[PDB]
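In the form deposited in one PDB entry, a lone chain appears below as structure tokens.
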């Protein structure tokens, strides 16, 4: 009769309707869900950690069993620290599927307790790629269809300065 806690890591740069769907799904089936934002020190994300967490909070705060936290280092260690039952990943048609198996199996070798549990998002979200979203925004196009309003405004606000 133990509580479920799943960790959903990613860069969420920025969060998309697809990510929202997934979290919504996950919130319905796990007791607690942690939206885990990888800082990306060596990665160089467009949006800052604060901006990413803010935007996630805005699109998913209404779910009461959803936490939001940034993290670096090893997902396996974050997993341990958070006393997590499993790491959640999404699985679309566009997904590097062998590349989920590498992640999953290598992490298992680092920690035999590590478990991974994929969910698939509503078919309308099977084709959107944050890379393309960011590119469309950059070229002053409409991303209203692919990300929450808050994110759309973030994009303007990013144009409006330079960082």
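Whichever C-alpha set is largest while still superposing within 1.5 Å between the two forms counts as the rigid core. Residues that one form lacks are left out of the comparison. Residue numbers count along the first chain shown, from 1.
Keep in mind the form deposited in another entry is missing from the figure; the text below concerns it.
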Once the rigid core is superposed, exactly one of 106, 29, 94, 69 has its CA displaced by 2 Å or more between this form and the one not shown; which residue is that? 94
Distance flag for residue 94 and residue 102 (Cα, change 3 Å or more) in the other entry: the two residues are closer
Looking only at residues found in both forms, which runs of 3 or more have C-alpha shifts of at least 2 Å between this form and the one not shown after a core fit? 41-43, 92-96
